[PDB]
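Q: Here you go, model-v1.cif (mmCIF, N, CA and C atoms):
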```cif
data_data
loop_
_atom_site.label_atom_id
_atom_site.label_comp_id
_atom_site.auth_asym_id
_atom_site.auth_seq_id
_atom_site.Cartn_x
_atom_site.Cartn_y
_atom_site.Cartn_z
N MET Q 1 -6.41 -23.71 -10.90
CA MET Q 1 -6.75 -22.87 -9.74
C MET Q 1 -5.58 -21.94 -9.43
N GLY Q 2 -5.66 -21.15 -8.35
CA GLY Q 2 -4.61 -20.23 -7.92
C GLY Q 2 -4.59 -20.24 -6.39
N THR Q 3 -3.42 -20.06 -5.78
CA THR Q 3 -3.26 -20.08 -4.34
C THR Q 3 -3.30 -18.66 -3.78
N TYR Q 4 -4.29 -18.37 -2.93
CA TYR Q 4 -4.46 -17.07 -2.30
C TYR Q 4 -3.81 -17.14 -0.92
N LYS Q 5 -2.94 -16.17 -0.66
CA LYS Q 5 -2.18 -16.00 0.57
C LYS Q 5 -3.00 -15.09 1.46
N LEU Q 6 -3.48 -15.60 2.59
CA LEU Q 6 -4.30 -14.86 3.54
C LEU Q 6 -3.41 -14.25 4.61
N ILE Q 7 -3.46 -12.93 4.78
CA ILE Q 7 -2.68 -12.21 5.77
C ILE Q 7 -3.66 -11.46 6.67
N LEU Q 8 -3.72 -11.88 7.93
CA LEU Q 8 -4.55 -11.27 8.96
C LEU Q 8 -3.71 -10.09 9.42
N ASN Q 9 -4.16 -8.87 9.18
CA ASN Q 9 -3.46 -7.65 9.55
C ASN Q 9 -4.36 -6.90 10.53
N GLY Q 10 -4.36 -7.33 11.79
CA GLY Q 10 -5.19 -6.73 12.82
C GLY Q 10 -4.46 -5.72 13.68
N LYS Q 11 -5.25 -5.03 14.50
CA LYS Q 11 -4.81 -4.00 15.44
C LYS Q 11 -4.35 -4.60 16.78
N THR Q 12 -4.35 -5.92 16.91
CA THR Q 12 -3.95 -6.61 18.14
C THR Q 12 -3.15 -7.89 17.86
N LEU Q 13 -3.48 -8.61 16.79
CA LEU Q 13 -2.81 -9.85 16.39
C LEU Q 13 -2.81 -9.96 14.88
N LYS Q 14 -2.01 -10.89 14.36
CA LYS Q 14 -1.85 -11.17 12.94
C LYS Q 14 -1.79 -12.67 12.69
N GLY Q 15 -1.91 -13.10 11.44
CA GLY Q 15 -1.87 -14.50 11.04
C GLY Q 15 -1.48 -14.58 9.57
N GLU Q 16 -0.96 -15.72 9.13
CA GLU Q 16 -0.55 -15.93 7.75
C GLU Q 16 -0.90 -17.37 7.39
N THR Q 17 -1.76 -17.59 6.40
CA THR Q 17 -2.20 -18.92 5.95
C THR Q 17 -2.29 -18.93 4.42
N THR Q 18 -2.48 -20.10 3.79
CA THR Q 18 -2.57 -20.20 2.33
C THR Q 18 -3.63 -21.23 1.94
N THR Q 19 -4.49 -20.93 0.96
CA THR Q 19 -5.51 -21.84 0.45
C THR Q 19 -5.76 -21.52 -1.03
N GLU Q 20 -5.89 -22.53 -1.90
CA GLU Q 20 -6.16 -22.34 -3.32
C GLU Q 20 -7.63 -22.60 -3.61
N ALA Q 21 -8.19 -21.88 -4.58
CA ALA Q 21 -9.58 -21.96 -5.02
C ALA Q 21 -9.69 -21.42 -6.44
N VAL Q 22 -10.85 -21.58 -7.07
CA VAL Q 22 -11.08 -21.09 -8.42
C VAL Q 22 -11.14 -19.56 -8.44
N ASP Q 23 -11.57 -18.91 -7.34
CA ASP Q 23 -11.65 -17.45 -7.33
C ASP Q 23 -11.52 -16.84 -5.93
N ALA Q 24 -11.31 -15.53 -5.90
CA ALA Q 24 -11.15 -14.70 -4.72
C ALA Q 24 -12.32 -14.85 -3.74
N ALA Q 25 -13.57 -14.83 -4.24
CA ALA Q 25 -14.75 -14.97 -3.39
C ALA Q 25 -14.73 -16.26 -2.57
N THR Q 26 -14.14 -17.35 -3.08
CA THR Q 26 -14.08 -18.61 -2.34
C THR Q 26 -13.00 -18.49 -1.25
N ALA Q 27 -11.88 -17.83 -1.54
CA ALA Q 27 -10.81 -17.64 -0.57
C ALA Q 27 -11.37 -16.90 0.65
N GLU Q 28 -12.01 -15.76 0.39
CA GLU Q 28 -12.61 -14.90 1.39
C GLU Q 28 -13.69 -15.64 2.19
N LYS Q 29 -14.68 -16.23 1.51
CA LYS Q 29 -15.77 -16.94 2.17
C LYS Q 29 -15.26 -18.00 3.14
N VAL Q 30 -14.28 -18.79 2.73
CA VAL Q 30 -13.73 -19.84 3.56
C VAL Q 30 -12.92 -19.24 4.72
N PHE Q 31 -11.91 -18.41 4.43
CA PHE Q 31 -11.07 -17.83 5.47
C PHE Q 31 -11.79 -16.95 6.48
N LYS Q 32 -12.96 -16.38 6.17
CA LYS Q 32 -13.69 -15.55 7.12
C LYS Q 32 -13.99 -16.31 8.42
N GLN Q 33 -14.17 -17.64 8.35
CA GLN Q 33 -14.44 -18.47 9.52
C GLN Q 33 -13.30 -18.27 10.53
N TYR Q 34 -12.09 -18.55 10.06
CA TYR Q 34 -10.83 -18.47 10.78
C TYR Q 34 -10.50 -17.04 11.18
N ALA Q 35 -10.70 -16.05 10.30
CA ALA Q 35 -10.39 -14.66 10.60
C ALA Q 35 -11.13 -14.19 11.86
N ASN Q 36 -12.46 -14.34 11.86
CA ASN Q 36 -13.25 -13.91 13.01
C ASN Q 36 -13.02 -14.81 14.22
N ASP Q 37 -12.70 -16.09 14.01
CA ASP Q 37 -12.43 -17.01 15.12
C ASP Q 37 -11.14 -16.59 15.82
N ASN Q 38 -10.15 -16.10 15.06
CA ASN Q 38 -8.86 -15.67 15.57
C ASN Q 38 -8.93 -14.28 16.22
N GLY Q 39 -9.94 -13.47 15.89
CA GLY Q 39 -10.12 -12.14 16.46
C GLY Q 39 -9.79 -11.00 15.50
N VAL Q 40 -9.92 -11.21 14.18
CA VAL Q 40 -9.65 -10.19 13.18
C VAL Q 40 -10.88 -10.05 12.30
N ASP Q 41 -11.38 -8.83 12.17
CA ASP Q 41 -12.54 -8.49 11.37
C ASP Q 41 -12.29 -7.11 10.79
N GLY Q 42 -11.84 -7.06 9.53
CA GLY Q 42 -11.52 -5.82 8.85
C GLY Q 42 -11.87 -5.82 7.37
N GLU Q 43 -11.18 -4.95 6.64
CA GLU Q 43 -11.31 -4.71 5.21
C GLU Q 43 -10.52 -5.73 4.38
N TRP Q 44 -11.25 -6.64 3.74
CA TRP Q 44 -10.76 -7.71 2.88
C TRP Q 44 -10.34 -7.11 1.54
N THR Q 45 -9.04 -7.07 1.23
CA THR Q 45 -8.51 -6.50 -0.01
C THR Q 45 -7.56 -7.50 -0.67
N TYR Q 46 -7.76 -7.80 -1.96
CA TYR Q 46 -6.98 -8.76 -2.74
C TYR Q 46 -6.12 -8.12 -3.83
N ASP Q 47 -5.00 -8.77 -4.13
CA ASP Q 47 -4.02 -8.39 -5.13
C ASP Q 47 -3.71 -9.66 -5.91
N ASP Q 48 -4.19 -9.79 -7.15
CA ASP Q 48 -3.94 -10.98 -7.96
C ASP Q 48 -2.49 -11.07 -8.44
N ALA Q 49 -1.77 -9.95 -8.56
CA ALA Q 49 -0.39 -9.95 -9.01
C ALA Q 49 0.50 -10.70 -8.03
N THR Q 50 0.30 -10.48 -6.73
CA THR Q 50 1.04 -11.11 -5.64
C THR Q 50 0.23 -12.27 -5.04
N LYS Q 51 -1.04 -12.44 -5.44
CA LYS Q 51 -1.98 -13.46 -4.98
C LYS Q 51 -2.21 -13.36 -3.47
N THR Q 52 -2.10 -12.16 -2.90
CA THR Q 52 -2.29 -11.90 -1.49
C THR Q 52 -3.72 -11.40 -1.28
N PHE Q 53 -4.25 -11.62 -0.08
CA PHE Q 53 -5.58 -11.22 0.33
C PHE Q 53 -5.40 -10.84 1.81
N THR Q 54 -5.33 -9.54 2.07
CA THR Q 54 -5.12 -8.99 3.40
C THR Q 54 -6.41 -8.48 4.03
N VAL Q 55 -6.61 -8.78 5.32
CA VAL Q 55 -7.76 -8.36 6.11
C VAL Q 55 -7.16 -7.31 7.04
N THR Q 56 -7.34 -6.03 6.73
CA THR Q 56 -6.80 -4.93 7.53
C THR Q 56 -7.86 -4.39 8.48
N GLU Q 57 -7.59 -4.41 9.78
CA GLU Q 57 -8.49 -3.94 10.83
C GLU Q 57 -7.75 -2.91 11.67
#
```
Could you rewrite the structure in this file as structure tokens?
A:
Amino acid sequence: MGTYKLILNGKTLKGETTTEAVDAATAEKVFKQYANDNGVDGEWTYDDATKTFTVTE
């Protein structure tokens, strides 16, 4: 597997968490719960080189 670094990059608040899965779609699907619960809903963009997945709002 690979560890995806979730970075909440919002217009009011931010967050930083980490979760590993077989693919990007699982990282996104799972973290969306927390993202919207925390108050961030934006553009989900991934970088496999850095293993980062930023939600920019």
Q: Please provide the set of residues having any atom within 8 Å of residue 4 (chain Q), restricted to all atoms listed in the file, with same-chain residues fewer than 2 positions apart removed, written as an mmCIF file with N, CA and C atoms, keeping the file's coordinate frame.
A:
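Result file follows (around-v9.cif):
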```
data_model
loop_
_atom_site.group_PDB
_atom_site.id
_atom_site.type_symbol
_atom_site.label_atom_id
_atom_site.label_comp_id
_atom_site.auth_asym_id
_atom_site.auth_seq_id
_atom_site.Cartn_x
_atom_site.Cartn_y
_atom_site.Cartn_z
ATOM 1 N N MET Q 1 -6.410 -23.710 -10.900
ATOM 2 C CA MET Q 1 -6.750 -22.870 -9.740
ATOM 3 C C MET Q 1 -5.580 -21.940 -9.430
ATOM 4 N N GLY Q 2 -5.660 -21.150 -8.350
ATOM 5 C CA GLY Q 2 -4.610 -20.230 -7.920
ATOM 6 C C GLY Q 2 -4.590 -20.240 -6.390
ATOM 7 N N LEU Q 6 -3.480 -15.600 2.590
ATOM 8 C CA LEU Q 6 -4.300 -14.860 3.540
ATOM 9 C C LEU Q 6 -3.410 -14.250 4.610
ATOM 10 N N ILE Q 7 -3.460 -12.930 4.780
ATOM 11 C CA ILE Q 7 -2.680 -12.210 5.770
ATOM 12 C C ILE Q 7 -3.660 -11.460 6.670
ATOM 13 N N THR Q 17 -1.760 -17.590 6.400
ATOM 14 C CA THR Q 17 -2.200 -18.920 5.950
ATOM 15 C C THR Q 17 -2.290 -18.930 4.420
ATOM 16 N N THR Q 18 -2.480 -20.100 3.790
ATOM 17 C CA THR Q 18 -2.570 -20.200 2.330
ATOM 18 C C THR Q 18 -3.630 -21.230 1.940
ATOM 19 N N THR Q 19 -4.490 -20.930 0.960
ATOM 20 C CA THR Q 19 -5.510 -21.840 0.450
ATOM 21 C C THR Q 19 -5.760 -21.520 -1.030
ATOM 22 N N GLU Q 20 -5.890 -22.530 -1.900
ATOM 23 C CA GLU Q 20 -6.160 -22.340 -3.320
ATOM 24 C C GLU Q 20 -7.630 -22.600 -3.610
ATOM 25 N N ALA Q 21 -8.190 -21.880 -4.580
ATOM 26 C CA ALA Q 21 -9.580 -21.960 -5.020
ATOM 27 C C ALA Q 21 -9.690 -21.420 -6.440
ATOM 28 N N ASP Q 23 -11.570 -18.910 -7.340
ATOM 29 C CA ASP Q 23 -11.650 -17.450 -7.330
ATOM 30 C C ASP Q 23 -11.520 -16.840 -5.930
ATOM 31 N N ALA Q 24 -11.310 -15.530 -5.900
ATOM 32 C CA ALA Q 24 -11.150 -14.700 -4.720
ATOM 33 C C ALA Q 24 -12.320 -14.850 -3.740
ATOM 34 N N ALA Q 27 -11.880 -17.830 -1.540
ATOM 35 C CA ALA Q 27 -10.810 -17.640 -0.570
ATOM 36 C C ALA Q 27 -11.370 -16.900 0.650
ATOM 37 N N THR Q 50 0.300 -10.480 -6.730
ATOM 38 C CA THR Q 50 1.040 -11.110 -5.640
ATOM 39 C C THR Q 50 0.230 -12.270 -5.040
ATOM 40 N N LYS Q 51 -1.040 -12.440 -5.440
ATOM 41 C CA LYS Q 51 -1.980 -13.460 -4.980
ATOM 42 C C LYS Q 51 -2.210 -13.360 -3.470
ATOM 43 N N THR Q 52 -2.100 -12.160 -2.900
ATOM 44 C CA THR Q 52 -2.290 -11.900 -1.490
ATOM 45 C C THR Q 52 -3.720 -11.400 -1.280
ATOM 46 N N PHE Q 53 -4.250 -11.620 -0.080
ATOM 47 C CA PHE Q 53 -5.580 -11.220 0.330
ATOM 48 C C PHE Q 53 -5.400 -10.840 1.810
#
```
Q: What is the atom N of residue 39 (chain Q)-CA of residue 5 (chain Q) distance in Å, reported with one decimal?
A: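 Separation between atom N of residue 39 (chain Q) and CA of residue 5 (chain Q): 17.4 Å.
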Q: What is the distance, in Å and to one decimal place, between atom N of residue 30 (chain Q) and atom N of residue 12 (chain Q)?
A: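 Straight-line distance from atom N of residue 30 (chain Q) to atom N of residue 12 (chain Q) works out to 21.6 Å.
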Q: Which residue gives the smallest distance to residue 8 (chain Q) among Q:37, Q:57, Q:47, Q:28, with all atoms listed in the file counted?
A: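 Closest to residue 8 (chain Q) of all the choices is Q:57.
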Q: Residues of chain Q in helix (DSSP H, G or I) according to DSSP, as a count of residues only?
A: 15
Q: How would you write, as a PDB file with N, CA and C atoms, in the coordinates of the input, the set of residues in chain Q that DSSP gives as strand (DSSP E)?
A:
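Written output follows (out.pdb):
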```pdb
ATOM      1  N   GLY Q   2      -5.660 -21.150  -8.350  1.00  0.00           N
ATOM      2  CA  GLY Q   2      -4.610 -20.230  -7.920  1.00  0.00           C
ATOM      3  C   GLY Q   2      -4.590 -20.240  -6.390  1.00  0.00           C
ATOM      4  N   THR Q   3      -3.420 -20.060  -5.780  1.00  0.00           N
ATOM      5  CA  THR Q   3      -3.260 -20.080  -4.340  1.00  0.00           C
ATOM      6  C   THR Q   3      -3.300 -18.660  -3.780  1.00  0.00           C
ATOM      7  N   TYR Q   4      -4.290 -18.370  -2.930  1.00  0.00           N
ATOM      8  CA  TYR Q   4      -4.460 -17.070  -2.300  1.00  0.00           C
ATOM      9  C   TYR Q   4      -3.810 -17.140  -0.920  1.00  0.00           C
ATOM     10  N   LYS Q   5      -2.940 -16.170  -0.660  1.00  0.00           N
ATOM     11  CA  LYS Q   5      -2.180 -16.000   0.570  1.00  0.00           C
ATOM     12  C   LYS Q   5      -3.000 -15.090   1.460  1.00  0.00           C
ATOM     13  N   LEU Q   6      -3.480 -15.600   2.590  1.00  0.00           N
ATOM     14  CA  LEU Q   6      -4.300 -14.860   3.540  1.00  0.00           C
ATOM     15  C   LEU Q   6      -3.410 -14.250   4.610  1.00  0.00           C
ATOM     16  N   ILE Q   7      -3.460 -12.930   4.780  1.00  0.00           N
ATOM     17  CA  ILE Q   7      -2.680 -12.210   5.770  1.00  0.00           C
ATOM     18  C   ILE Q   7      -3.660 -11.460   6.670  1.00  0.00           C
ATOM     19  N   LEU Q   8      -3.720 -11.880   7.930  1.00  0.00           N
ATOM     20  CA  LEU Q   8      -4.550 -11.270   8.960  1.00  0.00           C
ATOM     21  C   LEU Q   8      -3.710 -10.090   9.420  1.00  0.00           C
ATOM     22  N   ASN Q   9      -4.160  -8.870   9.180  1.00  0.00           N
ATOM     23  CA  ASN Q   9      -3.460  -7.650   9.550  1.00  0.00           C
ATOM     24  C   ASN Q   9      -4.360  -6.900  10.530  1.00  0.00           C
ATOM     25  N   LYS Q  14      -2.010 -10.890  14.360  1.00  0.00           N
ATOM     26  CA  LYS Q  14      -1.850 -11.170  12.940  1.00  0.00           C
ATOM     27  C   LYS Q  14      -1.790 -12.670  12.690  1.00  0.00           C
ATOM     28  N   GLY Q  15      -1.910 -13.100  11.440  1.00  0.00           N
ATOM     29  CA  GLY Q  15      -1.870 -14.500  11.040  1.00  0.00           C
ATOM     30  C   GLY Q  15      -1.480 -14.580   9.570  1.00  0.00           C
ATOM     31  N   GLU Q  16      -0.960 -15.720   9.130  1.00  0.00           N
ATOM     32  CA  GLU Q  16      -0.550 -15.930   7.750  1.00  0.00           C
ATOM     33  C   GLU Q  16      -0.900 -17.370   7.390  1.00  0.00           C
ATOM     34  N   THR Q  17      -1.760 -17.590   6.400  1.00  0.00           N
ATOM     35  CA  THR Q  17      -2.200 -18.920   5.950  1.00  0.00           C
ATOM     36  C   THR Q  17      -2.290 -18.930   4.420  1.00  0.00           C
ATOM     37  N   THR Q  18      -2.480 -20.100   3.790  1.00  0.00           N
ATOM     38  CA  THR Q  18      -2.570 -20.200   2.330  1.00  0.00           C
ATOM     39  C   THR Q  18      -3.630 -21.230   1.940  1.00  0.00           C
ATOM     40  N   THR Q  19      -4.490 -20.930   0.960  1.00  0.00           N
ATOM     41  CA  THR Q  19      -5.510 -21.840   0.450  1.00  0.00           C
ATOM     42  C   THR Q  19      -5.760 -21.520  -1.030  1.00  0.00           C
ATOM     43  N   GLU Q  20      -5.890 -22.530  -1.900  1.00  0.00           N
ATOM     44  CA  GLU Q  20      -6.160 -22.340  -3.320  1.00  0.00           C
ATOM     45  C   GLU Q  20      -7.630 -22.600  -3.610  1.00  0.00           C
ATOM     46  N   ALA Q  21      -8.190 -21.880  -4.580  1.00  0.00           N
ATOM     47  CA  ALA Q  21      -9.580 -21.960  -5.020  1.00  0.00           C
ATOM     48  C   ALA Q  21      -9.690 -21.420  -6.440  1.00  0.00           C
ATOM     49  N   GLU Q  43     -11.180  -4.950   6.640  1.00  0.00           N
ATOM     50  CA  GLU Q  43     -11.310  -4.710   5.210  1.00  0.00           C
ATOM     51  C   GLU Q  43     -10.520  -5.730   4.380  1.00  0.00           C
ATOM     52  N   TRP Q  44     -11.250  -6.640   3.740  1.00  0.00           N
ATOM     53  CA  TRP Q  44     -10.760  -7.710   2.880  1.00  0.00           C
ATOM     54  C   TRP Q  44     -10.340  -7.110   1.540  1.00  0.00           C
ATOM     55  N   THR Q  45      -9.040  -7.070   1.230  1.00  0.00           N
ATOM     56  CA  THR Q  45      -8.510  -6.500  -0.010  1.00  0.00           C
ATOM     57  C   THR Q  45      -7.560  -7.500  -0.670  1.00  0.00           C
ATOM     58  N   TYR Q  46      -7.760  -7.800  -1.960  1.00  0.00           N
ATOM     59  CA  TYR Q  46      -6.980  -8.760  -2.740  1.00  0.00           C
ATOM     60  C   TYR Q  46      -6.120  -8.120  -3.830  1.00  0.00           C
ATOM     61  N   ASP Q  47      -5.000  -8.770  -4.130  1.00  0.00           N
ATOM     62  CA  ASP Q  47      -4.020  -8.390  -5.130  1.00  0.00           C
ATOM     63  C   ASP Q  47      -3.710  -9.660  -5.910  1.00  0.00           C
ATOM     64  N   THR Q  52      -2.100 -12.160  -2.900  1.00  0.00           N
ATOM     65  CA  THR Q  52      -2.290 -11.900  -1.490  1.00  0.00           C
ATOM     66  C   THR Q  52      -3.720 -11.400  -1.280  1.00  0.00           C
ATOM     67  N   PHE Q  53      -4.250 -11.620  -0.080  1.00  0.00           N
ATOM     68  CA  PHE Q  53      -5.580 -11.220   0.330  1.00  0.00           C
ATOM     69  C   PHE Q  53      -5.400 -10.840   1.810  1.00  0.00           C
ATOM     70  N   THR Q  54      -5.330  -9.540   2.070  1.00  0.00           N
ATOM     71  CA  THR Q  54      -5.120  -8.990   3.400  1.00  0.00           C
ATOM     72  C   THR Q  54      -6.410  -8.480   4.030  1.00  0.00           C
ATOM     73  N   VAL Q  55      -6.610  -8.780   5.320  1.00  0.00           N
ATOM     74  CA  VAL Q  55      -7.760  -8.360   6.110  1.00  0.00           C
ATOM     75  C   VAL Q  55      -7.160  -7.310   7.040  1.00  0.00           C
ATOM     76  N   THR Q  56      -7.340  -6.030   6.730  1.00  0.00           N
ATOM     77  CA  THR Q  56      -6.800  -4.930   7.530  1.00  0.00           C
ATOM     78  C   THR Q  56      -7.860  -4.390   8.480  1.00  0.00           C
TER      79      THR Q  56
END
```
Q: Can you complete the atoms of region 36-47 of chain Q to N, CA, C and O atoms and list them as a short mmCIF file (atom, residue, chain, number, x, y, z; two decimals), in the frame of the given file?
A:
```cif
data_model
loop_
_atom_site.label_atom_id
_atom_site.label_comp_id
_atom_site.auth_asym_id
_atom_site.auth_seq_id
_atom_site.Cartn_x
_atom_site.Cartn_y
_atom_site.Cartn_z
N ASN Q 36 -12.46 -14.34 11.86
CA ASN Q 36 -13.25 -13.91 13.01
C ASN Q 36 -13.02 -14.81 14.22
O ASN Q 36 -13.13 -14.35 15.36
N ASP Q 37 -12.70 -16.09 14.01
CA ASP Q 37 -12.43 -17.01 15.12
C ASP Q 37 -11.14 -16.59 15.82
O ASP Q 37 -11.04 -16.71 17.03
N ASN Q 38 -10.15 -16.10 15.06
CA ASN Q 38 -8.86 -15.67 15.57
C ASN Q 38 -8.93 -14.28 16.22
O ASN Q 38 -8.08 -13.97 17.06
N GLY Q 39 -9.94 -13.47 15.89
CA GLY Q 39 -10.12 -12.14 16.46
C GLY Q 39 -9.79 -11.00 15.50
O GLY Q 39 -9.39 -9.93 15.96
N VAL Q 40 -9.92 -11.21 14.18
CA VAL Q 40 -9.65 -10.19 13.18
C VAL Q 40 -10.88 -10.05 12.30
O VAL Q 40 -11.39 -11.03 11.74
N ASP Q 41 -11.38 -8.83 12.17
CA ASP Q 41 -12.54 -8.49 11.37
C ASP Q 41 -12.29 -7.11 10.79
O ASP Q 41 -12.43 -6.10 11.47
N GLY Q 42 -11.84 -7.06 9.53
CA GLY Q 42 -11.52 -5.82 8.85
C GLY Q 42 -11.87 -5.82 7.37
O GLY Q 42 -12.75 -6.55 6.92
N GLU Q 43 -11.18 -4.95 6.64
CA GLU Q 43 -11.31 -4.71 5.21
C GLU Q 43 -10.52 -5.73 4.38
O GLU Q 43 -9.28 -5.71 4.32
N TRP Q 44 -11.25 -6.64 3.74
CA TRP Q 44 -10.76 -7.71 2.88
C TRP Q 44 -10.34 -7.11 1.54
O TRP Q 44 -11.19 -6.68 0.77
N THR Q 45 -9.04 -7.07 1.23
CA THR Q 45 -8.51 -6.50 -0.01
C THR Q 45 -7.56 -7.50 -0.67
O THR Q 45 -6.64 -8.01 -0.01
N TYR Q 46 -7.76 -7.80 -1.96
CA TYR Q 46 -6.98 -8.76 -2.74
C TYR Q 46 -6.12 -8.12 -3.83
O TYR Q 46 -6.42 -7.04 -4.35
N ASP Q 47 -5.00 -8.77 -4.13
CA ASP Q 47 -4.02 -8.39 -5.13
C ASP Q 47 -3.71 -9.66 -5.91
O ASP Q 47 -3.14 -10.60 -5.35
#
```
